[PDB]
Amino acid sequence: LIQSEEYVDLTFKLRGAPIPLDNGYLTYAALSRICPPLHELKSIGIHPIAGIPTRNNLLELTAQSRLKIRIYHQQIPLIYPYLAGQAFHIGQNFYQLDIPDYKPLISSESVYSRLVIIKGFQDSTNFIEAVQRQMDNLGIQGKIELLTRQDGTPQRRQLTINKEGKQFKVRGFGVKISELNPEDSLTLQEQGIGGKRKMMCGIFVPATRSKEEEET
RNA sequence: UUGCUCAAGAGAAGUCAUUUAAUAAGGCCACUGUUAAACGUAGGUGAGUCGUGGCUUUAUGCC
């Protein structure tokens, strides 16, 4: 019920050809090529693109599909002229961004992260204690829950970094976090957890997306 | 047993051979969607994969 200050969500309407469901390095590299200053930013995150799933491991862009960026509201003039109204290419297709809209950061008792990556922690228990430690660093208190598939197993995801000729394997979990209170909820939403924040993973969102991800 | 009792209009046959509805035609010439305005002030979101790889002190974050 508390709208966070100093942090906003820059949302660009996204249109173009269908894209892989694991954009990650693809979208990040495209934006970095379009926006050189995006590479050197620190406290910025790119939202997972919202669109229905299509065949293979691709993702189809709808009219509601939009590129959303979480950024310090004073750092917008560093990337706005490079992104607002410009176009970026994923693979061989051209994608166009229009004038973005600002969305405030709302507090929620239960928050969700579709993907959390911590280096060197692959099992569930070590990952859980690592996220507890990360909460301890930021001084946030809450109960950690892991998103599960239809079989109840904790859900894992993989990030493919196509750096140079070799392709890289970075993997993590998707967690659901509640019992946060609005202040710590906003703190976790801005700060995020884990690494690879610009890599379309590690940021947070309300638990409605948690249930939606649980559905499929 | 009925002005009746019985009783095949039956056999066979190409409507055929040939013919351009053809020669010619501009839907054409003309039109202003003219003239004027303070944004005042308060309307929200749809979804994968499975066990360390180049930096960096395991850390923990970058590609």
# chains A, B, ... in the order shown; residues from 1 in each chain; ligands from 1
$ closest_atom_pairs --of "chain B" --to "chain A" --cutoff "8 Å" --atoms "only C-alpha atoms (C1' of nucleotides)" --output "JSON lines"
{"residue": "B:45", "atom": "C1'", "partner": "A:64", "partner_atom": "CA", "distance": 7.9}
{"residue": "B:46", "atom": "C1'", "partner": "A:51", "partner_atom": "CA", "distance": 6.7}
{"residue": "B:47", "atom": "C1'", "partner": "A:213", "partner_atom": "CA", "distance": 3.9}
{"residue": "B:48", "atom": "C1'", "partner": "A:157", "partner_atom": "CA", "distance": 6.1}
{"residue": "B:49", "atom": "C1'", "partner": "A:157", "partner_atom": "CA", "distance": 4.0}
{"residue": "B:50", "atom": "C1'", "partner": "A:156", "partner_atom": "CA", "distance": 6.1}
{"residue": "B:51", "atom": "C1'", "partner": "A:122", "partner_atom": "CA", "distance": 6.8}
{"residue": "B:52", "atom": "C1'", "partner": "A:120", "partner_atom": "CA", "distance": 6.8}
{"residue": "B:53", "atom": "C1'", "partner": "A:168", "partner_atom": "CA", "distance": 6.3}
{"residue": "B:61", "atom": "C1'", "partner": "A:195", "partner_atom": "CA", "distance": 6.3}
{"residue": "B:63", "atom": "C1'", "partner": "A:163", "partner_atom": "CA", "distance": 7.1}
$ residues_around --residues "residue 47 of chain A" --least-positions-apart "2" --cutoff "12 Å" --atoms "only C-alpha atoms (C1' of nucleotides)" --output "ChimeraX atom specification"
/A:9-12,23-24,27-28,44-45,49-50,65-71,113-115,189,192,196-205
$ residues_around --residues "segment 36-44 of chain B" --least-positions-apart "2" --cutoff "12 Å" --atoms "only C-alpha atoms (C1' of nucleotides)" --output "list in words"
residues 101, 102, 103 and 104 of chain A; 34 of chain B
$ closest_residue --among "A:92, A:108, A:124, A:150" --to "residue 184 of chain A" --atoms "only C-alpha atoms"
A:108
$ closest_residue --among "A:180, A:174, A:100, A:15" --to "residue 147 of chain A" --atoms "only C-alpha atoms"
A:174
$ select_by_dssp --residues "segment 13-204 of chain A" --states "strand (DSSP E or B)" --output "MDAnalysis selection string"
chainID A and resid 13:15 19:20 44:46 53 58:59 66:72 87:90 93:97 101:106 111:116 143:146 148 154 156:161 168:178
$ closest_residue --among "A:3, A:188, A:29, A:37" --to "residue 136 of chain A" --atoms "only C-alpha atoms"
A:188
$ atom_distance --atom1 "atom CA of residue 98 of chain A" --atom2 "atom CA of residue 13 of chain A"
6.2 Å
$ select_by_dssp --residues "segment 11-201 of chain A" --states "helix (DSSP H, G or I)" --output "number ranges by chain"
A: 25-34, 37-40, 76-78, 80-83, 124-138, 181-191, 197-199
$ write_last_selection --atoms "C-alpha atoms" --output "compact mmCIF listing (two decimals), in the first residue's frame"
# COMPACT_ATOMS: atom_id res chain seq x y z
CA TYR A 25 21.82 -12.23 -22.83
CA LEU A 26 20.02 -11.63 -26.14
CA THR A 27 17.95 -8.69 -24.90
CA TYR A 28 20.74 -7.42 -22.65
CA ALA A 29 23.27 -7.37 -25.49
CA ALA A 30 20.79 -5.73 -27.87
CA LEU A 31 20.06 -2.96 -25.35
CA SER A 32 23.77 -2.54 -24.57
CA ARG A 33 24.50 -2.15 -28.28
CA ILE A 34 21.72 0.43 -28.49
CA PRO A 37 25.60 3.54 -20.76
CA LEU A 38 23.42 0.55 -19.83
CA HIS A 39 26.53 -1.63 -19.49
CA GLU A 40 28.07 0.46 -16.69
CA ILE A 76 16.53 7.81 -16.22
CA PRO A 77 18.18 10.70 -18.17
CA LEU A 78 21.16 8.36 -18.71
CA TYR A 80 16.00 7.51 -21.85
CA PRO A 81 17.38 9.26 -24.99
CA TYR A 82 18.94 5.98 -26.16
CA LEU A 83 15.80 3.83 -25.74
CA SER A 124 17.68 -26.55 -2.72
CA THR A 125 18.96 -26.34 0.86
CA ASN A 126 22.17 -24.45 0.08
CA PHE A 127 20.18 -22.09 -2.15
CA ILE A 128 17.63 -21.47 0.62
CA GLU A 129 20.30 -20.71 3.22
CA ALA A 130 22.04 -18.45 0.68
CA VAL A 131 18.86 -16.44 0.14
CA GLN A 132 18.44 -16.26 3.92
CA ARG A 133 21.98 -14.89 4.19
CA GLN A 134 21.25 -12.37 1.43
CA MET A 135 18.17 -11.27 3.38
CA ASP A 136 20.44 -10.87 6.40
CA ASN A 137 22.79 -8.57 4.47
CA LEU A 138 19.91 -6.27 3.48
CA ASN A 181 5.64 -5.84 5.56
CA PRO A 182 5.45 -2.94 3.07
CA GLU A 183 8.78 -1.28 3.92
CA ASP A 184 10.91 -4.42 3.61
CA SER A 185 8.79 -5.52 0.65
CA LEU A 186 9.71 -2.31 -1.18
CA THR A 187 13.34 -2.67 -0.10
CA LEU A 188 13.51 -6.18 -1.56
CA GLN A 189 11.67 -5.12 -4.73
CA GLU A 190 14.17 -2.33 -5.41
CA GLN A 191 17.31 -4.17 -4.30
CA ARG A 197 19.67 -8.41 -12.19
CA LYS A 198 19.93 -6.92 -15.69
CA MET A 199 19.79 -10.49 -17.05
$ atom_distance --atom1 "atom CA of residue 1 of chain A" --atom2 "atom CA of residue 207 of chain A"
14.6 Å
$ decode --residues "segment 115-147 of chain A" --atoms "N, CA, C and O atoms" --output "PDB file, in the first residue's frame"
ATOM      1  N   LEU A 115      12.938 -16.016 -11.279  1.00  0.00           N
ATOM      2  CA  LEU A 115      14.238 -16.664 -11.373  1.00  0.00           C
ATOM      3  C   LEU A 115      15.203 -15.957 -10.433  1.00  0.00           C
ATOM      4  O   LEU A 115      15.305 -14.728 -10.452  1.00  0.00           O
ATOM      5  N   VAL A 116      15.901 -16.738  -9.614  1.00  0.00           N
ATOM      6  CA  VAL A 116      16.939 -16.226  -8.727  1.00  0.00           C
ATOM      7  C   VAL A 116      18.192 -17.063  -8.934  1.00  0.00           C
ATOM      8  O   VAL A 116      18.146 -18.295  -8.868  1.00  0.00           O
ATOM      9  N   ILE A 117      19.318 -16.393  -9.175  1.00  0.00           N
ATOM     10  CA  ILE A 117      20.581 -17.065  -9.464  1.00  0.00           C
ATOM     11  C   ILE A 117      21.600 -16.669  -8.405  1.00  0.00           C
ATOM     12  O   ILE A 117      21.833 -15.479  -8.171  1.00  0.00           O
ATOM     13  N   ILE A 118      22.202 -17.669  -7.763  1.00  0.00           N
ATOM     14  CA  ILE A 118      23.301 -17.473  -6.827  1.00  0.00           C
ATOM     15  C   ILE A 118      24.452 -18.372  -7.254  1.00  0.00           C
ATOM     16  O   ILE A 118      24.254 -19.561  -7.525  1.00  0.00           O
ATOM     17  N   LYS A 119      25.651 -17.801  -7.319  1.00  0.00           N
ATOM     18  CA  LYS A 119      26.812 -18.522  -7.822  1.00  0.00           C
ATOM     19  C   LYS A 119      27.249 -19.598  -6.838  1.00  0.00           C
ATOM     20  O   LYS A 119      27.467 -19.320  -5.655  1.00  0.00           O
ATOM     21  N   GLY A 120      27.386 -20.826  -7.333  1.00  0.00           N
ATOM     22  CA  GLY A 120      27.909 -21.921  -6.542  1.00  0.00           C
ATOM     23  C   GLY A 120      26.903 -22.666  -5.694  1.00  0.00           C
ATOM     24  O   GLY A 120      27.294 -23.598  -4.983  1.00  0.00           O
ATOM     25  N   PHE A 121      25.627 -22.296  -5.740  1.00  0.00           N
ATOM     26  CA  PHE A 121      24.582 -22.967  -4.966  1.00  0.00           C
ATOM     27  C   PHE A 121      23.575 -23.555  -5.950  1.00  0.00           C
ATOM     28  O   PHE A 121      22.814 -22.818  -6.584  1.00  0.00           O
ATOM     29  N   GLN A 122      23.576 -24.881  -6.076  1.00  0.00           N
ATOM     30  CA  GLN A 122      22.688 -25.576  -6.999  1.00  0.00           C
ATOM     31  C   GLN A 122      21.615 -26.406  -6.314  1.00  0.00           C
ATOM     32  O   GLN A 122      20.534 -26.576  -6.882  1.00  0.00           O
ATOM     33  N   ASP A 123      21.879 -26.923  -5.119  1.00  0.00           N
ATOM     34  CA  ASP A 123      20.880 -27.702  -4.407  1.00  0.00           C
ATOM     35  C   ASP A 123      19.901 -26.780  -3.684  1.00  0.00           C
ATOM     36  O   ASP A 123      20.161 -25.592  -3.478  1.00  0.00           O
ATOM     37  N   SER A 124      18.755 -27.351  -3.302  1.00  0.00           N
ATOM     38  CA  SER A 124      17.682 -26.546  -2.724  1.00  0.00           C
ATOM     39  C   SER A 124      18.068 -25.976  -1.363  1.00  0.00           C
ATOM     40  O   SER A 124      17.813 -24.799  -1.088  1.00  0.00           O
ATOM     41  N   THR A 125      18.682 -26.789  -0.500  1.00  0.00           N
ATOM     42  CA  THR A 125      18.959 -26.343   0.864  1.00  0.00           C
ATOM     43  C   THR A 125      20.036 -25.264   0.894  1.00  0.00           C
ATOM     44  O   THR A 125      19.895 -24.255   1.599  1.00  0.00           O
ATOM     45  N   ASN A 126      21.126 -25.464   0.145  1.00  0.00           N
ATOM     46  CA  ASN A 126      22.168 -24.446   0.079  1.00  0.00           C
ATOM     47  C   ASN A 126      21.632 -23.160  -0.532  1.00  0.00           C
ATOM     48  O   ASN A 126      21.962 -22.061  -0.073  1.00  0.00           O
ATOM     49  N   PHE A 127      20.792 -23.279  -1.560  1.00  0.00           N
ATOM     50  CA  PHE A 127      20.179 -22.095  -2.149  1.00  0.00           C
ATOM     51  C   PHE A 127      19.310 -21.360  -1.134  1.00  0.00           C
ATOM     52  O   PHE A 127      19.348 -20.128  -1.054  1.00  0.00           O
ATOM     53  N   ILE A 128      18.524 -22.100  -0.348  1.00  0.00           N
ATOM     54  CA  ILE A 128      17.635 -21.470   0.623  1.00  0.00           C
ATOM     55  C   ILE A 128      18.441 -20.747   1.697  1.00  0.00           C
ATOM     56  O   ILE A 128      18.128 -19.610   2.074  1.00  0.00           O
ATOM     57  N   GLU A 129      19.492 -21.391   2.209  1.00  0.00           N
ATOM     58  CA  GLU A 129      20.298 -20.712   3.219  1.00  0.00           C
ATOM     59  C   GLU A 129      21.053 -19.527   2.620  1.00  0.00           C
ATOM     60  O   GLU A 129      21.287 -18.531   3.315  1.00  0.00           O
ATOM     61  N   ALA A 130      21.411 -19.596   1.335  1.00  0.00           N
ATOM     62  CA  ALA A 130      22.041 -18.454   0.684  1.00  0.00           C
ATOM     63  C   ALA A 130      21.080 -17.277   0.564  1.00  0.00           C
ATOM     64  O   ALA A 130      21.470 -16.127   0.791  1.00  0.00           O
ATOM     65  N   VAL A 131      19.821 -17.539   0.200  1.00  0.00           N
ATOM     66  CA  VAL A 131      18.855 -16.442   0.137  1.00  0.00           C
ATOM     67  C   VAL A 131      18.566 -15.899   1.533  1.00  0.00           C
ATOM     68  O   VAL A 131      18.335 -14.694   1.699  1.00  0.00           O
ATOM     69  N   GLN A 132      18.588 -16.756   2.558  1.00  0.00           N
ATOM     70  CA  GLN A 132      18.440 -16.259   3.923  1.00  0.00           C
ATOM     71  C   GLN A 132      19.602 -15.347   4.303  1.00  0.00           C
ATOM     72  O   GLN A 132      19.400 -14.286   4.908  1.00  0.00           O
ATOM     73  N   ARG A 133      20.826 -15.738   3.943  1.00  0.00           N
ATOM     74  CA  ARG A 133      21.984 -14.887   4.195  1.00  0.00           C
ATOM     75  C   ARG A 133      21.860 -13.560   3.460  1.00  0.00           C
ATOM     76  O   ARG A 133      22.164 -12.498   4.019  1.00  0.00           O
ATOM     77  N   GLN A 134      21.411 -13.600   2.203  1.00  0.00           N
ATOM     78  CA  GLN A 134      21.249 -12.372   1.429  1.00  0.00           C
ATOM     79  C   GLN A 134      20.201 -11.464   2.056  1.00  0.00           C
ATOM     80  O   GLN A 134      20.358 -10.237   2.066  1.00  0.00           O
ATOM     81  N   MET A 135      19.120 -12.048   2.578  1.00  0.00           N
ATOM     82  CA  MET A 135      18.174 -11.273   3.376  1.00  0.00           C
ATOM     83  C   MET A 135      18.866 -10.639   4.574  1.00  0.00           C
ATOM     84  O   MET A 135      18.610  -9.476   4.906  1.00  0.00           O
ATOM     85  N   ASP A 136      19.742 -11.397   5.238  1.00  0.00           N
ATOM     86  CA  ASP A 136      20.445 -10.870   6.404  1.00  0.00           C
ATOM     87  C   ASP A 136      21.328  -9.682   6.046  1.00  0.00           C
ATOM     88  O   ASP A 136      21.439  -8.736   6.836  1.00  0.00           O
ATOM     89  N   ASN A 137      21.971  -9.709   4.875  1.00  0.00           N
ATOM     90  CA  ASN A 137      22.795  -8.569   4.474  1.00  0.00           C
ATOM     91  C   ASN A 137      21.956  -7.307   4.301  1.00  0.00           C
ATOM     92  O   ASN A 137      22.371  -6.220   4.719  1.00  0.00           O
ATOM     93  N   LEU A 138      20.778  -7.427   3.691  1.00  0.00           N
ATOM     94  CA  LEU A 138      19.911  -6.272   3.483  1.00  0.00           C
ATOM     95  C   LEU A 138      18.981  -6.004   4.658  1.00  0.00           C
ATOM     96  O   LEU A 138      18.210  -5.037   4.604  1.00  0.00           O
ATOM     97  N   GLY A 139      19.031  -6.816   5.708  1.00  0.00           N
ATOM     98  CA  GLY A 139      18.167  -6.610   6.858  1.00  0.00           C
ATOM     99  C   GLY A 139      16.692  -6.786   6.566  1.00  0.00           C
ATOM    100  O   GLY A 139      15.876  -5.964   7.003  1.00  0.00           O
ATOM    101  N   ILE A 140      16.331  -7.836   5.835  1.00  0.00           N
ATOM    102  CA  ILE A 140      14.948  -8.113   5.470  1.00  0.00           C
ATOM    103  C   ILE A 140      14.536  -9.436   6.101  1.00  0.00           C
ATOM    104  O   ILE A 140      15.286 -10.416   6.059  1.00  0.00           O
ATOM    105  N   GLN A 141      13.340  -9.458   6.687  1.00  0.00           N
ATOM    106  CA  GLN A 141      12.811 -10.634   7.363  1.00  0.00           C
ATOM    107  C   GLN A 141      11.599 -11.151   6.605  1.00  0.00           C
ATOM    108  O   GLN A 141      10.700 -10.376   6.263  1.00  0.00           O
ATOM    109  N   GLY A 142      11.580 -12.452   6.346  1.00  0.00           N
ATOM    110  CA  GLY A 142      10.463 -13.062   5.647  1.00  0.00           C
ATOM    111  C   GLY A 142      10.682 -14.551   5.520  1.00  0.00           C
ATOM    112  O   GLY A 142      11.768 -15.073   5.796  1.00  0.00           O
ATOM    113  N   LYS A 143       9.625 -15.234   5.090  1.00  0.00           N
ATOM    114  CA  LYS A 143       9.648 -16.678   4.897  1.00  0.00           C
ATOM    115  C   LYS A 143       9.869 -16.984   3.421  1.00  0.00           C
ATOM    116  O   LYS A 143       9.203 -16.405   2.556  1.00  0.00           O
ATOM    117  N   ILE A 144      10.800 -17.891   3.141  1.00  0.00           N
ATOM    118  CA  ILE A 144      11.206 -18.216   1.780  1.00  0.00           C
ATOM    119  C   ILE A 144      10.456 -19.459   1.325  1.00  0.00           C
ATOM    120  O   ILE A 144      10.456 -20.483   2.018  1.00  0.00           O
ATOM    121  N   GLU A 145       9.818 -19.369   0.161  1.00  0.00           N
ATOM    122  CA  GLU A 145       9.132 -20.494  -0.457  1.00  0.00           C
ATOM    123  C   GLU A 145       9.585 -20.610  -1.904  1.00  0.00           C
ATOM    124  O   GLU A 145       9.836 -19.601  -2.566  1.00  0.00           O
ATOM    125  N   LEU A 146       9.689 -21.844  -2.389  1.00  0.00           N
ATOM    126  CA  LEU A 146      10.179 -22.116  -3.733  1.00  0.00           C
ATOM    127  C   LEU A 146       9.014 -22.501  -4.634  1.00  0.00           C
ATOM    128  O   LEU A 146       8.179 -23.330  -4.256  1.00  0.00           O
ATOM    129  N   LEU A 147       8.957 -21.895  -5.817  1.00  0.00           N
ATOM    130  CA  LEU A 147       7.908 -22.221  -6.773  1.00  0.00           C
ATOM    131  C   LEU A 147       8.064 -23.657  -7.254  1.00  0.00           C
ATOM    132  O   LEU A 147       9.178 -24.139  -7.473  1.00  0.00           O
TER     133      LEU A 147
END
